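Working notes for the structure below.
In structure tokens form, the structure reads like this:
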């Protein structure tokens with residue numbers, strides 16, 4: 001964040017961004033300057049994907065851990081077969 | 095349990111296991127060692143059923159006792175006929 | 189299948205099998221050994237009704 | 238017709254697959270029933286010179302070979318053999334058509350019992366269902382047609398059948414014959430809803446109506462050498478002819494007792510003859526058994542013991558109704574799509590040991606809805622590789638004690654499935670001085686199974702984990718279920734698309750009783766679901 | 780002689796005064812409840828039906 | 829991806845069905861296979877899965893109709909009889925969308 | 927695409943996801959059922975990821 005050049009959509013596009021539900025691009029985003037850079041769209045896309053999985057962080061003290069889903073060959077598989085959960089339940093744990 | 099060589103899934107498979115809801119084989123189960131022994135699957139199968147019938151322990155102070163189910167010749171049988179319960183009721187006693 | 193001279197198919201087993209199914213369910217057919225240097229006459233039969 | 242070699246039926250089927258990959262160099266001549274009368278009659282047909290008698294099938298067989306022989310057929314000069322055509326529908330379809338059989342079936346079932354269209358629709362829906370849950374298959378495999386094992390599980394079975402019915406309006410457990418007997422008997426006083434027991438009772442009434450039609454078209458009082466008139470006219474009333482799937486050893490008892498003059502032979506996985514030792518438990522389960530010992534199951538009104546001899550569980554009418562069901566009602570509804578397979582009990586019983594029923598405290602009410610943490614199918618207790626994930630995949634809700642009845646079921650078990658190949662001379666009506674040399678070989682699977690339809694794109698369970706295809710009938714052949722077999726190629730898949738794969742240690746086509754034309758009749762007829770059954774019954778006359 | 784001794788055993792419990800008679804079989808005061816479903820009585824004959 | 833998004837797709841198909849009585853995700857062939865195989869045990873209502881299974885049954889009936897009107901056991905140069913007679917059973921011809 | 931039962935890697939070659947029957951059913955669906963219902967109104971197109 002600091003002093004790592006907060007995003008103002010001229011040159012400050014950077015992958016380690018940390019925001020969620022940002023109302024920045026949607027209206028407080030006065031138009032782009034006279035700066036060429038083209039792959040800032042791909043920088044934001046990886047950045048927003050990283051800033052959404054990091055924005056999860058919690059909700060995993062409530063949602064139970066992910067499981068095998070399919071049926072692969074687990075490291076034993078010689079004293080019990082493998083069957084995966086079809087994720088149709090409601091993970092909340094309360 | 096002790097000193098009866100707790101199950102580390104190399105050679106320590108033994109019939110008098112006393113566990114229930116064991117999430118040991120399902121994920122904390124680093125792969126099988128360089129030991130020949132093949133009939134540990136049969137040892138585990140008898141052991142798990144012994145570790146599940148013993149894992150009842152309670153639930154017999156709650157449900158009613160098992161009955162004759164069908165109609166056999168019980169030792170009296172000359173002053174009353176015999177009819178067994180069809181186990182479709184809900185045994186809970188509360 | 190009594191005539192020779194046209195362009196053949198690339199696979200010989202295709203032509204042989206095609207002649208084999210064509211011969212099934214018919215009266216007059218070329219003889220089974222396919223006599224090279226010959227007129228491809230149909231096999232003669234028994235009496236005529 | 239080969240012989241058994243005391244293997245575990247997975248190795249033998251694989252060896253048959255490697256043999257059959259290059260055993261056939263060309264298309265066999267007994268499959269081509271797609272010819273009409275004009276194509277069969279035409280002189281280019283190579284089969285026309287081998288159709289002479291109306292009650293004999295002439296084929297080409299290896300010479301100087303007594304028919305039950307080794308796995309590899311010995312090389313010898315070919316000779317022409319013959320085998321008696323017992324069933325009158327075994328005449329080939331160009332000579333006895335489908336339309337004639339359907340019109341004869343319409344003539345047969347004029348005033349007899351017919352099935353209501355609601356039961357027909359529900360049974361047709363559950364026979365063509367590919368998302369049929371495997372939990373029913375495992376429950377039918379473990380219960381294995383024992384009355385005590387069924388009636389120890391009445392709560393769980395009632396909940397399972399109700400949950401499968403009032404979520405998709407399809408009936409359950411119609412696969413096995415020793416399930417609808419027990420449902421119509423025990424779960425028929427009001428445990429199930431009003432519409433389920435109506436479907437089961439309608440199926441049973443149709444089976445008994447077919448039996449009554451068989452009794453009607455015979456004339457009683459003519460018994461020749463220990464054979465009743467029903468067993469001397471029909472085949473579904475013949476005790477020598479057995480069911481494709483055997484659950485109890487009483488069928489072999491009645492077959493060995495009733496025939497008694499036509500020279501019998503039973504080959505159960507190697508050695509000759511069965512043993513039928515009952516009451517197998519955890520201490521002496523012995524999943525890898527190489528003997529010929531079968532599991533008869535516990536007789537309940539008696540003592541099991543050691544020196545106590547075995548007895549039939551049920552009446553002689555049970556075998557007749559089982560044969561009628563398995564040979565009429567199943568191929569009329571599945572229409573040649575069902576396939577018989579065995580089971581892998583050493584991979585199924587450890588998958589049944591894991592129940593995650595929690596510890597409800599004392600003086601507390603049992604939870605019903607699955608939204609509380611105390612329910613066993615709540616997401617907190619859906620630990621992988623248990624039975625709770627197995628029941629949650631099928632979206633069927635169960636209680637704690639219904640899952641805990643598995644331990645009471647677990648007292649009686651089944652070791653493994655084995656192939657029983659029976660053999661006999663023809664009956665006393667057709668036993669002349671030259672037909673006694675001809676024999677009929679038809680195999681059956683002890684503790685087998687049947688699936689209604691095959692799913693290949695369901696990856697929640699790995700393929701071949703529990704069931705492996707061992708098909709024994711022309712009716713029960715399966716070009717699609719062979720993907721469940723381990724190590725399958727597409728060349729074998731297109732090889733089995735034209736020829737029904739029946740292994741030679743379970744009988745051959747030209748030596749069995751049920752042959753190719755009746756399977757062609759059940760798979761290429763579109764008439765009805767009631768006229769097809771009576772047409773199939775009319776085909777099963779000697 | 781094998782029916783009237785089978786009709787003797789009725790397991791109707793003792794309900795105290797100023798208490799409502801049970802109708803549903805879920806409460807333990809009902810004759811058809813699983814608590815008073817003792818074998819070889821008329822209650823198991825009615826429960827099998 | 830479908831087996832990970834099972835819950836969201838169940839809610840989406842249910843919300844689209846019991847407000848306008850129209851079947852959803854019918855455009856893709858790799859959607860109704862996954863609906864019938866996975867979402868076919870009661871997650872969807874009783875009428876939706878009947879529609880998907882009836883469409884799949886009709887597709888397999890068309891396949892069996894193709895299989896019936898050929899003669900098996902006659903194949904030239906690594907081509908089965910179905911591919912030599914028909915095009916929907918010919919592996920050289922490809923789907924419009926891959 | 928990511929394989930269902932296996933490890934991706936880089937030296938591991940590509941394996942088909944489904945059976946050969948899936949291709950047949952996809953061809954049958956896309957060339958029969960889609961043009962029978964839409965009747966020439968549906969259009970195949972790409973996407974902008």
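Chains as they are written, first to last, in my numbering: chain A, 1 to 94; chain B, 95 to 188; chain C, 189 to 237; chain D, 238 to 779; chain E, 780 to 828; chain F, 829 to 926; chain G, 927 to 975.
Cβ coordinates follow ideal geometry from the N, Cα and C atoms, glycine included.
Query, Result
"DSSP state of residue 254 of chain D, grouped into three classes?", "helix"
"Scan the stretch 504-584 of chain D and note each continuous alpha helix (DSSP H) run of 4 residues or more that stays entirely inside, going in chain order.", "553-561, 567-571"
"Among residues of its own chain, excluding the 5 on either side of residue 361 of chain D, which ones have a beta-carbon nearer than 8 Å to its beta-carbon?", "570, 766"
"Out of curiosity, what's the CA-to-CA distance linking residue 311 of chain D and residue 747 of chain D?", "19 Å"
"Let me make sure I understand the geometry here. Which of C:233, C:209, C:234, C:229 has the alpha-carbon closest to that of residue 192 of chain C?", "C:229"
"Taking C-beta pairs closer than 9 Å, name the residues in chain E that residue 155 of chain B reaches, listed in chain order.", "Going along chain E, no residue has its Cβ under 9 Å from residue 155 of chain B, so there is no contact; the nearest lies around 14 Å."
"Got a sec: which bits of the stretch 580-601 of chain D sit with their beta carbon under 9 Å from any beta carbon on chain B, in order along the chain?", "583, 586, 587, 590, 591, 592, 593, 594, 595, 596, 597, 599, 600, 601"
"Is the shortest distance between the beta-carbon of residue 391 of chain D and the beta-carbons of chain B less than 8 Å?", "yes"
"Is the separation between the beta-carbon of residue 687 of chain D and that of residue 482 of chain D shorter than 8 Å?", "yes"
"Just to confirm, is the Cβ distance from residue 487 of chain D to residue 549 of chain D under 8 Å?", "yes"
"Check whether chain B comes within 8 Å of residue 19 of chain A, counting only Cβ atoms and requiring the distance to be less than that.", "no"
"Could you list which residues in chain F have their beta carbon closer than 9 Å to that of residue 202 of chain C, in chain order?", "904, 905"
"Taking buried to mean at least 16 other C-beta atoms within 10 Å of its own C-beta, is residue 784 of chain D buried or exposed?", "Nothing in the structure corresponds to residue 784 of chain D, since chain D is present only between 238 and 779."
"Once the 5 residues before and after residue 770 of chain D are set aside, which same chain residues still bring their CB inside 6 Å of it?", "565, 569"
"Below 8 Å on the Cβ atoms is my guess for residue 364 of chain D versus residue 689 of chain D; work out the distance and round it to an integer in Å.", "5 Å"
"Run down chain B in chain order and give the residues with a C-beta less than 8 Å from the C-beta of residue 76 of chain A.", "103, 119, 123, 125, 126"
"Taking the continuous alpha helix (DSSP H) assigned at residue 47 of chain A, which residues delimit it?", "40-56"
"Classify residue 484 of chain D: buried if its beta carbon has 16 or more other beta carbons within 10 angstroms, exposed otherwise.", "buried"
"Applying the 10 Å Cβ sphere with the 16-neighbour rule, what's the burial state of residue 273 of chain D?", "exposed"
"For a contact defined as C-beta to C-beta under 7 Å, what are the partners of residue 809 of chain E on chain B?", "Simply none; closest approach about 12 Å."
"Anyone know if the C-beta pair for residue 887 of chain F and residue 954 of chain G falls short of 8 Å?", "yes"
"Go through its chain and collect everything with a Cβ distance to residue 823 of chain E's Cβ below 8 Å, but skip five positions before and after it.", "816, 817"
"Are there three or more Cβ pairs, one per stretch, closer than 8 Å when the stretch 583-602 of chain D is compared with the stretch 385-398 of chain D?", "no"
"Report the rounded CA-to-CA distance for residue 397 of chain D versus residue 582 of chain D, giving the unit in angstroms.", "22 Å"
"Using beta-carbon positions only, say whether residue 352 of chain D and residue 439 of chain D come within less than 8 Å of one another.", "yes"
"Just checking, does the stretch 167-176 of chain B make contact with the stretch 605-616 of chain D on the three C-beta pairs under 8 Å criterion?", "no"
"For the candidate residues D:378, D:510, D:662, whose alpha-carbon lies nearest to that of residue 685 of chain D?", "D:378"
"Start and end of the alpha helix (DSSP H) containing residue 861 of chain F?", "857-865"
"How many Å lie between residue 532 of chain D and residue 514 of chain D at the Cα?", "6 Å"
"Using 8 Å as the limit for Cβ to Cβ distance, is residue 952 of chain G near chain F?", "yes"
"Does residue 818 of chain E have its Cβ less than 8 Å from a Cβ in chain B?", "yes"
"Hey, how far is the Cα of residue 692 of chain D from the Cα of residue 300 of chain D?", "43 Å"
"I'd like to confirm the pairing. Which residues does DSSP put opposite residue 680 of chain D in its beta bridges?", "D:658"
"Taking the continuous beta strand (DSSP E) assigned at residue 294 of chain D, which residues delimit it?", "293-299"
"Taking any Cβ of chain A, which residues in the stretch 617-647 of chain D have a Cβ under 8 Å from it, in chain order?", "617, 619, 621, 622, 626, 627, 629, 630, 632"
"When you compare only the Cα positions, how much space is there between residue 740 of chain D and residue 726 of chain D?", "18 Å"
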